[PDB]
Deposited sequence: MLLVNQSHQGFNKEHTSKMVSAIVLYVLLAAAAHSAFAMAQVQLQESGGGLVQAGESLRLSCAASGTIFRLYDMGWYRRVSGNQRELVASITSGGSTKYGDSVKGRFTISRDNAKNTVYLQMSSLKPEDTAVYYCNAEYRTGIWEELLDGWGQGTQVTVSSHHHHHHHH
């Protein structure tokens, strides 16, 4: 089993900047896909090759980044809107060994509220 830790929540103002960090720790052989969700609407998903697939409402406001060496995914929050106030969950697809099947993981959940 692997462990995912989320950070970046708190009180933020509208139109400001943030940076969510989702680190994966544990028995990891390879990470395939890491994305941010919201039932679970895909707001940002980046593959291991960098093929970002932003959501319909995330165009021009959210830019994702990935550091495979650190086993982390970074999401940048820009031009915050009242509709963006929600809890964000980090998802990661991993595998513990060559002969093992594909596995799915989820984070604890990060709450972001836009001041008004």
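Engineer: Wait, which stretches of the deposited chain are just not there in the structure?
Structural biologist: Gaps vs deposited seq, in order: 1 to 40, 79 to 83, 162 to 169.
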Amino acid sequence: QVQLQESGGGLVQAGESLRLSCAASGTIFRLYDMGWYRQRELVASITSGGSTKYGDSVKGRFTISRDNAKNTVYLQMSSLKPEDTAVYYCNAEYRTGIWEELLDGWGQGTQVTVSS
From here on, numbers count along this sequence of modelled residues.
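Engineer: Look at the other compared PDB entries that model both sides of residue 16, then say whether a third or more of them leave it out.
Structural biologist: Across the compared entries, residue 16 is left out in at least a third.
Engineer: Would you say residue 83 is commonly dropped, meaning unmodelled in a third or more of the other compared entries that have residues on each side of it?
Structural biologist: Residue 83: modelled in all of the comparison entries.
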